[PDB]
Amino acid sequence: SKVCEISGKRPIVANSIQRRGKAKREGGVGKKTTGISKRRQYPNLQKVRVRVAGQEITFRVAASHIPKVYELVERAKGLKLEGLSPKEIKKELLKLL
Amino acid sequence: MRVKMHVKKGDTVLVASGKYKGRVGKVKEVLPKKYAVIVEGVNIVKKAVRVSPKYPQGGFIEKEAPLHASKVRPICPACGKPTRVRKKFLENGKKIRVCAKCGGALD
Amino acid sequence: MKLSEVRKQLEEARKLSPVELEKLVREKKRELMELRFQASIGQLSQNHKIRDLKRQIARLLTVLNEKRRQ
Amino acid sequence: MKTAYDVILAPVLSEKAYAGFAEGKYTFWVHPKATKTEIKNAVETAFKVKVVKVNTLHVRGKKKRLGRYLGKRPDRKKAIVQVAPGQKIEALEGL
RNA sequence: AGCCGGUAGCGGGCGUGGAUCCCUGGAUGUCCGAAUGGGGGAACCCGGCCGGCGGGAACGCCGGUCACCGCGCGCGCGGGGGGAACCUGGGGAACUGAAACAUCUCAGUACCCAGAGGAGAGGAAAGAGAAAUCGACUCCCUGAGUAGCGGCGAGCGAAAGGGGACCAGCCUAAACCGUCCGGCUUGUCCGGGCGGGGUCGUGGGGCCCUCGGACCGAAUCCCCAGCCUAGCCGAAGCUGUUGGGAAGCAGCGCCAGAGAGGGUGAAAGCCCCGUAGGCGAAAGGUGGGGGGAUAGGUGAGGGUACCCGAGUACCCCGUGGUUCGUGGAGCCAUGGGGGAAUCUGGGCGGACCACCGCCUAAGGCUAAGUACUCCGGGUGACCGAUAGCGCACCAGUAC
RNA sequence: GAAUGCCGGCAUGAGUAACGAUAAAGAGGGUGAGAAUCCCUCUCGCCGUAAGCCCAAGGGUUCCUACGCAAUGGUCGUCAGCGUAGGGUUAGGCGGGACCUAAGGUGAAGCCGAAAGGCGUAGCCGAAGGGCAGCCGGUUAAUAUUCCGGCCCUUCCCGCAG
RNA sequence: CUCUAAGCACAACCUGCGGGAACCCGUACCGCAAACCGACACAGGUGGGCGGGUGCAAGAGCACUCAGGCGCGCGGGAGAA
Ligand SMILES: [Mg+2]
Ligand SMILES: [Mg+2]
Ligand SMILES: [Mg+2]
Ligand SMILES: [Mg+2]
Ligand SMILES: [Mg+2]
Ligand SMILES: [Mg+2]
Ligand SMILES: [Mg+2]
Ligand SMILES: [Mg+2]
Ligand SMILES: [Mg+2]
Ligand SMILES: [Mg+2]
Ligand SMILES: [Mg+2]
Ligand SMILES: [Mg+2]
Ligand SMILES: [Mg+2]
Ligand SMILES: [Mg+2]
Ligand SMILES: [Mg+2]
Ligand SMILES: [Mg+2]
Ligand SMILES: [Mg+2]
Ligand SMILES: [Mg+2]
Ligand SMILES: [Mg+2]
Ligand SMILES: [Mg+2]
Ligand SMILES: [Mg+2]
Ligand SMILES: [Mg+2]
Ligand SMILES: [Mg+2]
Ligand SMILES: [Mg+2]
Ligand SMILES: [Mg+2]
Ligand SMILES: [Mg+2]
Ligand SMILES: [Mg+2]
Ligand SMILES: [Mg+2]
Ligand SMILES: [Mg+2]
Ligand SMILES: [Mg+2]
Ligand SMILES: [Mg+2]
Ligand SMILES: [Mg+2]
Ligand SMILES: [Mg+2]
Ligand SMILES: [Mg+2]
Ligand SMILES: [Mg+2]
Ligand SMILES: [Mg+2]
Ligand SMILES: [Mg+2]
Ligand SMILES: [Mg+2]
Ligand SMILES: [Mg+2]
Ligand SMILES: [Mg+2]
Ligand SMILES: [Mg+2]
Ligand SMILES: [Mg+2]
Ligand SMILES: [Mg+2]
Ligand SMILES: [Mg+2]
Ligand SMILES: [Mg+2]
Ligand SMILES: [Mg+2]
Ligand SMILES: [Mg+2]
Ligand SMILES: [Mg+2]
Ligand SMILES: [Mg+2]
Ligand SMILES: [Mg+2]
Ligand SMILES: [Mg+2]
Ligand SMILES: [Mg+2]
Ligand SMILES: [Mg+2]
Ligand SMILES: [Mg+2]
Ligand SMILES: [Mg+2]
Ligand SMILES: [Mg+2]
Ligand SMILES: [Mg+2]
Ligand SMILES: [Mg+2]
Ligand SMILES: [Mg+2]
Ligand SMILES: [Mg+2]
Ligand SMILES: [Mg+2]
Ligand SMILES: [Mg+2]
Ligand SMILES: [Mg+2]
Ligand SMILES: [Mg+2]
Ligand SMILES: [Mg+2]
Ligand SMILES: [Mg+2]
Ligand SMILES: [Mg+2]
Ligand SMILES: [Mg+2]
Ligand SMILES: [Mg+2]
Ligand SMILES: [Mg+2]
Ligand SMILES: [Mg+2]
Ligand SMILES: [Mg+2]
Ligand SMILES: [Mg+2]
Ligand SMILES: [Mg+2]
Ligand SMILES: [Mg+2]
Ligand SMILES: [Mg+2]
Ligand SMILES: [Mg+2]
Ligand SMILES: [Mg+2]
Ligand SMILES: [Mg+2]
Ligand SMILES: [Mg+2]
Ligand SMILES: [Mg+2]
Ligand SMILES: [Mg+2]
Ligand SMILES: [Mg+2]
Ligand SMILES: [Mg+2]
Ligand SMILES: [Mg+2]
Ligand SMILES: [Mg+2]
Ligand SMILES: [Mg+2]
Ligand SMILES: [Mg+2]
Ligand SMILES: [Mg+2]
Ligand SMILES: [Mg+2]
Ligand SMILES: [Mg+2]
Ligand SMILES: [Mg+2]
Ligand SMILES: [Mg+2]
Ligand SMILES: [Mg+2]
Ligand SMILES: [Mg+2]
Ligand SMILES: [Mg+2]
Ligand SMILES: [Mg+2]
Ligand SMILES: [Mg+2]
Ligand SMILES: [Mg+2]
Ligand SMILES: [Mg+2]
Ligand SMILES: [Mg+2]
Ligand SMILES: [Mg+2]
Ligand SMILES: [Mg+2]
Ligand SMILES: [Mg+2]
Ligand SMILES: [Mg+2]
Ligand SMILES: [Mg+2]
Ligand SMILES: [Mg+2]
Ligand SMILES: [Mg+2]
Ligand SMILES: [Mg+2]
Ligand SMILES: [Mg+2]
Ligand SMILES: [Mg+2]
Ligand SMILES: [Mg+2]
Ligand SMILES: [Mg+2]
Ligand SMILES: [Mg+2]
Ligand SMILES: [Mg+2]
Ligand SMILES: [Mg+2]
Ligand SMILES: [Mg+2]
Ligand SMILES: [Mg+2]
Ligand SMILES: [Mg+2]
Ligand SMILES: [Mg+2]
Ligand SMILES: [Mg+2]
Ligand SMILES: [Mg+2]
Ligand SMILES: [Mg+2]
Ligand SMILES: [Mg+2]
Ligand SMILES: [Mg+2]
Ligand SMILES: [Mg+2]
Ligand SMILES: [Mg+2]
Ligand SMILES: [Mg+2]
Ligand SMILES: [Mg+2]
Ligand SMILES: [Mg+2]
Ligand SMILES: [Mg+2]
Ligand SMILES: [Mg+2]
Ligand SMILES: [Mg+2]
Ligand SMILES: [Mg+2]
Ligand SMILES: [Mg+2]
Ligand SMILES: [Mg+2]
Ligand SMILES: [Mg+2]
Ligand SMILES: [Mg+2]
Ligand SMILES: [Mg+2]
Ligand SMILES: [Mg+2]
Ligand SMILES: [Mg+2]
Ligand SMILES: [Mg+2]
Ligand SMILES: [Mg+2]
Ligand SMILES: [Mg+2]
Ligand SMILES: [Mg+2]
Ligand SMILES: [Mg+2]
Ligand SMILES: [Mg+2]
Ligand SMILES: [Mg+2]
Ligand SMILES: [Mg+2]
Ligand SMILES: [Mg+2]
Ligand SMILES: [Mg+2]
Ligand SMILES: [Mg+2]
Ligand SMILES: [Mg+2]
Ligand SMILES: [Mg+2]
Ligand SMILES: [Mg+2]
Ligand SMILES: [Mg+2]
Ligand SMILES: [Mg+2]
Ligand SMILES: [Mg+2]
Ligand SMILES: [Mg+2]
Ligand SMILES: [Mg+2]
Ligand SMILES: [Mg+2]
Ligand SMILES: [Mg+2]
Ligand SMILES: [Mg+2]
Ligand SMILES: [Mg+2]
Ligand SMILES: [Mg+2]
Ligand SMILES: [Mg+2]
Ligand SMILES: [Mg+2]
Ligand SMILES: [Mg+2]
Ligand SMILES: [Mg+2]
Ligand SMILES: [Mg+2]
Ligand SMILES: [Mg+2]
Ligand SMILES: [Mg+2]
Ligand SMILES: [Mg+2]
Ligand SMILES: [Mg+2]
Ligand SMILES: [Mg+2]
Ligand SMILES: [Mg+2]
Ligand SMILES: [Mg+2]
Ligand SMILES: [Mg+2]
Ligand SMILES: [Mg+2]
Ligand SMILES: [Mg+2]
Ligand SMILES: [Mg+2]
Ligand SMILES: [Mg+2]
Ligand SMILES: [Mg+2]
Ligand SMILES: [Mg+2]
Ligand SMILES: [Mg+2]
Ligand SMILES: [Mg+2]
Ligand SMILES: [Mg+2]
Ligand SMILES: [Mg+2]
Ligand SMILES: [Mg+2]
Ligand SMILES: [Mg+2]
Ligand SMILES: [Mg+2]
Ligand SMILES: [Mg+2]
Ligand SMILES: [Mg+2]
Ligand SMILES: [Mg+2]
Ligand SMILES: [Zn+2]
């Protein structure tokens, strides 16, 4: 329940609408709303750990942008990264964003 | 910024209103705060005094009262007449008060 | 203290080195204390001298600060 | 700039401060922020003495009023310095 | 030409050798406070390093320096916090209304939070929507309580067009070219930097051939006017009488680009302060106007089919926004799933299809016209001490 | 002219209830404009596991002295915890800090959450717990393990010796 | 107190002696109360230590009393319900 490091996908607020009856299209009287309340639609975050310059870097990312983490690793080959902390390397990858 | 005074210690002035209308006297003191002047021998009040080292035996003393500055008009030391005041710029070029009847200096 | 004397204090003050200034303050600061003591026992009728010295010390230090700042 | 004459304000003028002159304990009003050690050096370079013992205390400002207006006198601090055997601070011997 | 604040008094001083006072720049600025050496029950306490002071090694004092986070090759720049309303964004009620109540209303209001700034947002069409048309955005008037939306109940409520205010348009990504750098799978390599090139919808750009060889011009910078922060000049009246007091009454005048208004012992154009009309800045702030520099801007055919912003368009699921509450429900936005193409590409014109048009998505910036009133000024068929701000008075006080 | 309306002023009840423990008073002397009520003496009564004395909290000059009596004091007042002024609180050893940790609090690393924020081993803060070196007497109107007297002890710096 | 590690072993530490050095804050007064919490000089509430003597079986109970402190901030009369 949080933010996509790559895409910025965030929790959003959506309504949960409750309906009774038969739609007009199927010969019915019509749909009546029997309830509306707020709820949240979370991004589908998963952990993505990749080794980069021999270091372990992990990403919190929406499943949709899971392959975008790898494209970063690929792009990260032209950078002199070795010796750095994972904190630093991750910042460097994210700068390729 | 500062109170406008058309009169100062101690040029000579005519009292043109009140109980001492027409008298002439020197400007003993100017009190810009109250916008009032003290004119010698004008507006004499009797004040009581307590028996003290200052005034043993005591009784009363005579004092000059302050006069509203508007009640007073400087006299021109040239032509000798009561006048309003103008200003004049010299070559210095300082400014001076001058008589409006003749071009007299008023200092 | 007199206007003309102020100007005169400043001219001669601006000719001192910082150390001379520092030394001069210390003495006038000492004289201030001497004044305060006599003020205490009611033996200073010329009390204006206190205000006067305070501003000398002020004017000195201002100049000491002048000397150092550019 | 900080000097000794900034630290020592005035001497304490009271029946109790006088009593100490006999035994070389002098009592000054000092600046409330000034340290014992600081007060030592100060009286020493001020009066050419040798300070052996310093006792300090704070004195609360007495609360006073002018009719409508309640207020407070400034907070003070006094110090009692003990000069070396045989020494004297003549200025305070005054009296 | 007086002055040492409200504040007189004691006791003493200053000023035409220009004080007090007013404006501008500067100096000093204990401690707390974002509070930032560390701690802490704010205004107290306790330290490291360098330098000084004392007889000074212990003790103490003085000066400087030392938090954390971000960005950039230990060092630099930045950040933090506050501000009456106004603004944007992220969250978001209920009473109440529906003469009960649940969809609906109140209302995206109150409020919370984050960010901005003298404004903020928005803004150079993947627009409008029928005009064979218009041409960024913002803001007022009108369109119009229309079209519509709605337990079609209570209620909710646009847009195009027209009249106006203001006016302005730009920078990149990609192709291709060059250069620095590193990778290991050795080069017609892949990649990351920087530079050049390029910016469009009559489609535009790259590359390849032929021909063609100074006008513009900033929103940046510099100078200046103008303005703000103290100020200055400013026409004309005397005598009598009543009265404590003339400005009243009487008599004889006078000024007026000034007869607004406040004062003076009462009711004054001409006594005072002003008013009409004029004058004024060494310094600091401003400077949208005037001038100047600079960045930046600029050809036409033919060929080629290299490029034109990706987990994106698009389709489906769940929602929100719109006048639209599931309705024939498009459009804009997007939490989940699936998942393209580069002009013979793609979105839109209210399901959908065809025909016919409009437009160029998935990068960024952009004055003015608009909002507010902590602050200064001007004006009231605004109050006049139970009124007017809670406070005309030492009030966010006493309590 | 009414809203048990609002703000203020002044009435009525009324010279009434009451004057806050039923431990209790009397006289003499003094002071002063004034005295049941202040000071002094004598007598009487009450507390005494307190109604005496010393610490901590809390209160914040109420302490001592001089001069006062408009108001405060349930009467009176010459008195006062009241008005005005002046004086008074002294530490290496007592208490706290320059020491330690407790619940808890905060919090490098790290984790979490629309924002605000929630957590979190180490560390840091946190005491009436651990730790640490002063006892008796005298002096002031008012301070005292603080000043003074006597006899003792602690840490830190430097030096000397082992 | 002890053990060692980097280090250092001209240092460093321990013991004895000497000289020097030793900062900041509290300290007044009330404190079972007329000075604290109860709008009051309010029969209420407030933690710790000291708390003598005699007698009653003991005791911090109870009566009296020491030291010390008080007679409680309206009084004088009368002698009904
Ligand atoms: Mg649902
Ligand atoms: Mg249907
Ligand atoms: Mg049908
Ligand atoms: Mg329905
Ligand atoms: Mg995984
Ligand atoms: Mg998806
Ligand atoms: Mg997928
Ligand atoms: Mg003038
Ligand atoms: Mg007259
Ligand atoms: Mg006459
Ligand atoms: Mg001049
Ligand atoms: Mg001066
Ligand atoms: Mg200074
Ligand atoms: Mg004495
Ligand atoms: Mg010395
Ligand atoms: Mg002390
Ligand atoms: Mg004061
Ligand atoms: Mg004054
Ligand atoms: Mg005098
Ligand atoms: Mg000048
Ligand atoms: Mg200034
Ligand atoms: Mg500070
Ligand atoms: Mg700090
Ligand atoms: Mg420091
Ligand atoms: Mg802090
Ligand atoms: Mg040092
Ligand atoms: Mg030193
Ligand atoms: Mg020092
Ligand atoms: Mg320092
Ligand atoms: Mg911020
Ligand atoms: Mg801010
Ligand atoms: Mg919003
Ligand atoms: Mg947000
Ligand atoms: Mg919302
Ligand atoms: Mg809610
Ligand atoms: Mg409701
Ligand atoms: Mg309502
Ligand atoms: Mg209604
Ligand atoms: Mg209803
Ligand atoms: Mg109803
Ligand atoms: Mg109901
Ligand atoms: Mg309802
Ligand atoms: Mg309503
Ligand atoms: Mg709504
Ligand atoms: Mg909002
Ligand atoms: Mg509001
Ligand atoms: Mg802010
Ligand atoms: Mg504006
Ligand atoms: Mg903007
Ligand atoms: Mg564009
Ligand atoms: Mg119409
Ligand atoms: Mg209907
Ligand atoms: Mg609505
Ligand atoms: Mg329009
Ligand atoms: Mg229009
Ligand atoms: Mg307009
Ligand atoms: Mg590349
Ligand atoms: Mg390359
Ligand atoms: Mg390249
Ligand atoms: Mg083309
Ligand atoms: Mg530009
Ligand atoms: Mg004039
Ligand atoms: Mg005039
Ligand atoms: Mg007459
Ligand atoms: Mg007349
Ligand atoms: Mg006439
Ligand atoms: Mg006019
Ligand atoms: Mg008029
Ligand atoms: Mg008028
Ligand atoms: Mg009158
Ligand atoms: Mg008239
Ligand atoms: Mg009239
Ligand atoms: Mg007039
Ligand atoms: Mg004009
Ligand atoms: Mg004018
Ligand atoms: Mg061409
Ligand atoms: Mg192509
Ligand atoms: Mg595009
Ligand atoms: Mg992208
Ligand atoms: Mg579509
Ligand atoms: Mg959808
Ligand atoms: Mg909806
Ligand atoms: Mg329908
Ligand atoms: Mg729809
Ligand atoms: Mg369509
Ligand atoms: Mg869509
Ligand atoms: Mg989606
Ligand atoms: Mg196609
Ligand atoms: Mg097409
Ligand atoms: Mg679309
Ligand atoms: Mg369309
Ligand atoms: Mg259609
Ligand atoms: Mg279109
Ligand atoms: Mg923008
Ligand atoms: Mg413009
Ligand atoms: Mg703007
Ligand atoms: Mg604007
Ligand atoms: Mg205003
Ligand atoms: Mg009026
Ligand atoms: Mg009133
Ligand atoms: Mg009022
Ligand atoms: Mg009245
Ligand atoms: Mg006001
Ligand atoms: Mg008040
Ligand atoms: Mg009626
Ligand atoms: Mg009633
Ligand atoms: Mg009634
Ligand atoms: Mg009744
Ligand atoms: Mg009433
Ligand atoms: Mg009434
Ligand atoms: Mg009432
Ligand atoms: Mg009433
Ligand atoms: Mg009555
Ligand atoms: Mg009776
Ligand atoms: Mg009765
Ligand atoms: Mg009765
Ligand atoms: Mg009662
Ligand atoms: Mg009775
Ligand atoms: Mg009683
Ligand atoms: Mg009684
Ligand atoms: Mg009883
Ligand atoms: Mg008696
Ligand atoms: Mg007697
Ligand atoms: Mg009495
Ligand atoms: Mg009496
Ligand atoms: Mg007595
Ligand atoms: Mg007993
Ligand atoms: Mg205390
Ligand atoms: Mg109290
Ligand atoms: Mg008092
Ligand atoms: Mg005492
Ligand atoms: Mg007292
Ligand atoms: Mg007393
Ligand atoms: Mg007395
Ligand atoms: Mg009285
Ligand atoms: Mg009386
Ligand atoms: Mg009196
Ligand atoms: Mg009373
Ligand atoms: Mg009384
Ligand atoms: Mg009472
Ligand atoms: Mg009385
Ligand atoms: Mg008396
Ligand atoms: Mg009392
Ligand atoms: Mg008193
Ligand atoms: Mg001692
Ligand atoms: Mg230390
Ligand atoms: Mg500690
Ligand atoms: Mg600790
Ligand atoms: Mg926490
Ligand atoms: Mg914040
Ligand atoms: Mg913890
Ligand atoms: Mg520590
Ligand atoms: Mg601690
Ligand atoms: Mg402790
Ligand atoms: Mg302890
Ligand atoms: Mg201790
Ligand atoms: Mg200690
Ligand atoms: Mg001992
Ligand atoms: Mg005592
Ligand atoms: Mg004492
Ligand atoms: Mg001793
Ligand atoms: Mg040895
Ligand atoms: Mg070794
Ligand atoms: Mg050993
Ligand atoms: Mg020793
Ligand atoms: Mg310290
Ligand atoms: Mg202290
Ligand atoms: Mg004490
Ligand atoms: Mg005591
Ligand atoms: Mg008592
Ligand atoms: Mg006691
Ligand atoms: Mg009890
Ligand atoms: Mg007790
Ligand atoms: Mg007691
Ligand atoms: Mg009560
Ligand atoms: Mg009480
Ligand atoms: Mg109450
Ligand atoms: Mg009370
Ligand atoms: Mg009582
Ligand atoms: Mg009681
Ligand atoms: Mg108890
Ligand atoms: Mg017993
Ligand atoms: Mg027996
Ligand atoms: Mg027994
Ligand atoms: Mg018994
Ligand atoms: Mg028994
Ligand atoms: Mg019992
Ligand atoms: Mg008992
Ligand atoms: Mg008993
Ligand atoms: Mg006994
Ligand atoms: Mg007794
Ligand atoms: Mg009694
Ligand atoms: Mg009694
Ligand atoms: Mg009877
Ligand atoms: Zn003349």
# chains A, B, ... in the order shown; residues from 1 in each chain; ligands from 1
>>> residues_around(residues="segment 57-59 of chain D", least_positions_apart="6", cutoff="9 Å", atoms="only C-alpha atoms (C1' of nucleotides)", output="list in words")
residues 32, 75, 76, 77, 78, 79 and 80 of chain D; 89 and 90 of chain F
>>> write_last_selection(atoms="N, CA and C atoms (P, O5', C5', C4', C3', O3' and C1' of nucleotides)", output="PDB file, in the first residue's frame")
ATOM      1  N   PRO D  32      24.635  39.324  36.624  1.00  0.00           N
ATOM      2  CA  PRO D  32      23.999  38.055  36.992  1.00  0.00           C
ATOM      3  C   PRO D  32      24.573  36.836  36.270  1.00  0.00           C
ATOM      4  N   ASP D  75      16.486  41.852  38.438  1.00  0.00           N
ATOM      5  CA  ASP D  75      17.074  40.796  39.232  1.00  0.00           C
ATOM      6  C   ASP D  75      18.557  41.082  39.344  1.00  0.00           C
ATOM      7  N   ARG D  76      19.090  40.897  40.545  1.00  0.00           N
ATOM      8  CA  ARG D  76      20.483  41.211  40.803  1.00  0.00           C
ATOM      9  C   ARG D  76      21.254  40.007  41.283  1.00  0.00           C
ATOM     10  N   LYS D  77      22.574  40.150  41.344  1.00  0.00           N
ATOM     11  CA  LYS D  77      23.449  39.107  41.875  1.00  0.00           C
ATOM     12  C   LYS D  77      24.612  39.740  42.627  1.00  0.00           C
ATOM     13  N   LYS D  78      24.827  39.323  43.867  1.00  0.00           N
ATOM     14  CA  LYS D  78      25.951  39.852  44.628  1.00  0.00           C
ATOM     15  C   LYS D  78      26.989  38.784  44.998  1.00  0.00           C
ATOM     16  N   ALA D  79      28.231  39.238  45.139  1.00  0.00           N
ATOM     17  CA  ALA D  79      29.374  38.366  45.340  1.00  0.00           C
ATOM     18  C   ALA D  79      30.178  38.865  46.519  1.00  0.00           C
ATOM     19  N   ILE D  80      30.678  37.942  47.330  1.00  0.00           N
ATOM     20  CA  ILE D  80      31.537  38.315  48.446  1.00  0.00           C
ATOM     21  C   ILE D  80      32.942  37.695  48.328  1.00  0.00           C
TER      22      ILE D  80
ATOM     23  P     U F  89      21.749  37.776  52.569  1.00  0.00           P
ATOM     24  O5'   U F  89      20.906  36.426  52.418  1.00  0.00           O
ATOM     25  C5'   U F  89      21.040  35.350  53.343  1.00  0.00           C
ATOM     26  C4'   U F  89      20.537  34.041  52.770  1.00  0.00           C
ATOM     27  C3'   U F  89      21.181  33.603  51.448  1.00  0.00           C
ATOM     28  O3'   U F  89      21.243  32.172  51.365  1.00  0.00           O
ATOM     29  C1'   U F  89      18.866  33.791  51.156  1.00  0.00           C
ATOM     30  P     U F  90      22.482  31.340  51.965  1.00  0.00           P
ATOM     31  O5'   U F  90      23.764  32.005  51.307  1.00  0.00           O
ATOM     32  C5'   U F  90      24.068  31.796  49.934  1.00  0.00           C
ATOM     33  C4'   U F  90      25.510  32.125  49.641  1.00  0.00           C
ATOM     34  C3'   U F  90      26.528  31.118  50.170  1.00  0.00           C
ATOM     35  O3'   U F  90      27.701  31.150  49.357  1.00  0.00           O
ATOM     36  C1'   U F  90      26.857  33.175  51.247  1.00  0.00           C
TER      37        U F  90
END
>>> residues_near_ligand(ligand="ligand 162", cutoff="9 Å", atoms="only C-alpha atoms (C1' of nucleotides) and all ligand atoms", output="PyMOL selection string")
chain F and resi 160-162
>>> write_last_selection(atoms="N, CA, C and O atoms (P, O5', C5', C4', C3', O3' and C1' of nucleotides)", output="PDB file, in the first residue's frame")
ATOM      1  P     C F 160      59.570  15.724  37.970  1.00  0.00           P
ATOM      2  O5'   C F 160      59.813  15.239  39.463  1.00  0.00           O
ATOM      3  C5'   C F 160      60.616  16.001  40.348  1.00  0.00           C
ATOM      4  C4'   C F 160      60.601  15.408  41.728  1.00  0.00           C
ATOM      5  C3'   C F 160      60.820  13.910  41.808  1.00  0.00           C
ATOM      6  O3'   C F 160      62.170  13.529  41.657  1.00  0.00           O
ATOM      7  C1'   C F 160      58.999  14.491  43.171  1.00  0.00           C
ATOM      8  P     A F 161      62.540  12.069  41.102  1.00  0.00           P
ATOM      9  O5'   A F 161      62.069  11.079  42.262  1.00  0.00           O
ATOM     10  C5'   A F 161      62.713  11.105  43.523  1.00  0.00           C
ATOM     11  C4'   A F 161      62.130  10.096  44.474  1.00  0.00           C
ATOM     12  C3'   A F 161      61.943   8.686  43.939  1.00  0.00           C
ATOM     13  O3'   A F 161      63.133   7.913  43.950  1.00  0.00           O
ATOM     14  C1'   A F 161      59.962   9.372  44.991  1.00  0.00           C
ATOM     15  P     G F 162      63.384   6.791  42.822  1.00  0.00           P
ATOM     16  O5'   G F 162      62.483   5.555  43.273  1.00  0.00           O
ATOM     17  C5'   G F 162      62.758   4.874  44.487  1.00  0.00           C
ATOM     18  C4'   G F 162      61.551   4.150  45.033  1.00  0.00           C
ATOM     19  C3'   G F 162      61.003   3.004  44.196  1.00  0.00           C
ATOM     20  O3'   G F 162      61.730   1.799  44.331  1.00  0.00           O
ATOM     21  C1'   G F 162      59.223   4.381  44.850  1.00  0.00           C
TER      22        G F 162
END
>>> residues_near_ligand(ligand="ligand 19", cutoff="9 Å", atoms="only C-alpha atoms (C1' of nucleotides) and all ligand atoms", output="number ranges by chain")
E: 9-12
>>> residues_around(residues="residue 14 of chain C", least_positions_apart="4", cutoff="12 Å", atoms="only C-alpha atoms (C1' of nucleotides)", output="MDAnalysis selection string")
chainID C and resid 7:10 18 20:21 59:68
>>> residues_near_ligand(ligand="ligand 92", cutoff="10 Å", atoms="only C-alpha atoms (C1' of nucleotides) and all ligand atoms", output="list in words")
residues 330, 349, 350, 351 and 352 of chain E
>>> write_last_selection(atoms="N, CA and C atoms (P, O5', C5', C4', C3', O3' and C1' of nucleotides)", output="PDB file, in the first residue's frame")
ATOM      1  P     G E 330     -19.269   5.126 -23.095  1.00  0.00           P
ATOM      2  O5'   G E 330     -18.587   6.140 -24.119  1.00  0.00           O
ATOM      3  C5'   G E 330     -18.665   5.930 -25.519  1.00  0.00           C
ATOM      4  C4'   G E 330     -18.660   7.239 -26.263  1.00  0.00           C
ATOM      5  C3'   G E 330     -17.514   8.174 -25.936  1.00  0.00           C
ATOM      6  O3'   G E 330     -16.331   7.815 -26.626  1.00  0.00           O
ATOM      7  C1'   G E 330     -19.541   9.387 -25.931  1.00  0.00           C
ATOM      8  P     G E 349     -16.131  11.767 -30.129  1.00  0.00           P
ATOM      9  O5'   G E 349     -16.673  12.835 -31.164  1.00  0.00           O
ATOM     10  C5'   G E 349     -16.850  14.178 -30.762  1.00  0.00           C
ATOM     11  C4'   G E 349     -17.359  15.020 -31.895  1.00  0.00           C
ATOM     12  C3'   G E 349     -18.627  14.513 -32.557  1.00  0.00           C
ATOM     13  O3'   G E 349     -19.779  14.906 -31.840  1.00  0.00           O
ATOM     14  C1'   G E 349     -17.044  15.183 -34.213  1.00  0.00           C
ATOM     15  P     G E 350     -21.019  13.909 -31.690  1.00  0.00           P
ATOM     16  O5'   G E 350     -20.741  13.049 -30.381  1.00  0.00           O
ATOM     17  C5'   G E 350     -20.221  11.731 -30.482  1.00  0.00           C
ATOM     18  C4'   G E 350     -20.965  10.757 -29.600  1.00  0.00           C
ATOM     19  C3'   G E 350     -22.436  10.588 -29.940  1.00  0.00           C
ATOM     20  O3'   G E 350     -22.821   9.244 -29.680  1.00  0.00           O
ATOM     21  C1'   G E 350     -22.220  11.380 -27.715  1.00  0.00           C
ATOM     22  P     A E 351     -22.755   8.168 -30.862  1.00  0.00           P
ATOM     23  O5'   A E 351     -22.067   6.882 -30.220  1.00  0.00           O
ATOM     24  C5'   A E 351     -21.657   6.837 -28.862  1.00  0.00           C
ATOM     25  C4'   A E 351     -21.663   5.418 -28.353  1.00  0.00           C
ATOM     26  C3'   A E 351     -21.020   4.389 -29.270  1.00  0.00           C
ATOM     27  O3'   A E 351     -19.618   4.316 -29.135  1.00  0.00           O
ATOM     28  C1'   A E 351     -23.141   3.610 -28.627  1.00  0.00           C
ATOM     29  P     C E 352     -18.661   4.502 -30.413  1.00  0.00           P
ATOM     30  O5'   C E 352     -19.130   3.381 -31.444  1.00  0.00           O
ATOM     31  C5'   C E 352     -19.138   2.001 -31.107  1.00  0.00           C
ATOM     32  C4'   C E 352     -19.801   1.198 -32.196  1.00  0.00           C
ATOM     33  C3'   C E 352     -19.328   1.523 -33.603  1.00  0.00           C
ATOM     34  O3'   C E 352     -18.156   0.826 -33.949  1.00  0.00           O
ATOM     35  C1'   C E 352     -21.682   1.535 -33.561  1.00  0.00           C
TER      36        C E 352
END
>>> closest_atom_pairs(of="chain E", to="ligand 52", cutoff="8 Å", atoms="only C-alpha atoms (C1' of nucleotides) and all ligand atoms", output="JSON lines")
{"residue": "E:150", "atom": "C1'", "partner": "ligand 52", "partner_atom_place_in_ligand_line": "1 (Mg)", "distance": 7.7}
{"residue": "E:152", "atom": "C1'", "partner": "ligand 52", "partner_atom_place_in_ligand_line": "1 (Mg)", "distance": 3.3}
{"residue": "E:153", "atom": "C1'", "partner": "ligand 52", "partner_atom_place_in_ligand_line": "1 (Mg)", "distance": 7.9}
>>> interface_residues(of="chain D", to="chain E", cutoff="8 Å", atoms="only C-alpha atoms (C1' of nucleotides)", output="list in words")
residues 2, 35, 36, 37, 38 and 41 of chain D
>>> interface_residues(of="chain F", to="chain A", cutoff="10 Å", atoms="only C-alpha atoms (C1' of nucleotides)", output="PyMOL selection string")
chain F and resi 112-114
